Amino acid sequence: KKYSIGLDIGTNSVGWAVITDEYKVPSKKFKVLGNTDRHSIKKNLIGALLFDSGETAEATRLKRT
RNA sequence: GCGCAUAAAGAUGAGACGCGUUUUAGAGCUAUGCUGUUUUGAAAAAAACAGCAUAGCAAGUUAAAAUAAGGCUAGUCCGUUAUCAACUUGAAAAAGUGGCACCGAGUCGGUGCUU
């Protein structure tokens, strides 16, 4: 049916959530490839991605000079 | 929702200067002791020849090399930073790729259809 997506951004992380019409976090079975036994795993649709801060170009410029 | 004043901030790109690092050249020395030693020889002993150890000293400032390895594009140019999930094509770019009604919830487990 209908659904909405919530986001939370920060310099190191992106908290992401997807809500539906009835304010409930959906649970869904997703297929799992590879060569393991679990071919599908029912998980939820919410989390947050972490990553290193994007670096500037000052050091490289100084080294160039 | 701009044209604007004040006070700040950031970012970019060049041009250059102080070192520094590590090498070499800073011709450092003295005495003593050790063995091998051409050694005077048949051996001994060094001139310790070769180094070694013990102490004691003495100066000490600087000069040169490069400074990402390197690259070729031989320029007086480039090379440290953004820009990388798995995956199939596609040279690359780029594209596609994994279901869902429902019940629970320990790194999730099922479930109707059903991959």
# chains A, B, ... in the order shown; residues from 1 in each chain; ligands from 1
>>> closest_atom_pairs(of="chain B", to="chain A", cutoff="7 Å", atoms="only C-alpha atoms (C1' of nucleotides)", output="JSON lines")
{"residue": "B:80", "atom": "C1'", "partner": "A:60", "partner_atom": "CA", "distance": 5.9}
{"residue": "B:81", "atom": "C1'", "partner": "A:57", "partner_atom": "CA", "distance": 4.5}
{"residue": "B:82", "atom": "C1'", "partner": "A:55", "partner_atom": "CA", "distance": 6.9}
{"residue": "B:98", "atom": "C1'", "partner": "A:31", "partner_atom": "CA", "distance": 5.7}
{"residue": "B:108", "atom": "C1'", "partner": "A:43", "partner_atom": "CA", "distance": 6.6}
>>> residues_around(residues="region 8-21 of chain A", least_positions_apart="2", cutoff="12 Å", atoms="only C-alpha atoms (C1' of nucleotides)", output="PyMOL selection string")
chain A and resi 1-6+23-27+44-55
>>> atom_distance(atom1="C1' of residue 16 (chain B)", atom2="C1' of residue 66 (chain B)")
20.0 Å
>>> atom_distance(atom1="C1' of residue 53 (chain B)", atom2="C1' of residue 32 (chain B)")
10.1 Å
>>> select_by_dssp(residues="chain A", states="strand (DSSP E)", output="ChimeraX atom specification")
/A:3-9,13-20,27-31,40-44,46-50
>>> select_by_dssp(residues="chain A", states="alpha helix (DSSP H)", output="list in words")
residues 58, 59, 60, 61, 62, 63 and 64 of chain A
>>> write_last_selection(atoms="C-alpha atoms", output="PDB file, in the first residue's frame")
ATOM      1  CA  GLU A  58      44.641  20.752   1.112  1.00  0.00           C
ATOM      2  CA  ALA A  59      47.328  18.176   1.863  1.00  0.00           C
ATOM      3  CA  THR A  60      47.550  16.974  -1.748  1.00  0.00           C
ATOM      4  CA  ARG A  61      47.783  20.564  -2.982  1.00  0.00           C
ATOM      5  CA  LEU A  62      50.586  21.336  -0.519  1.00  0.00           C
ATOM      6  CA  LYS A  63      52.486  18.201  -1.589  1.00  0.00           C
ATOM      7  CA  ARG A  64      52.040  19.253  -5.229  1.00  0.00           C
TER       8      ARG A  64
END
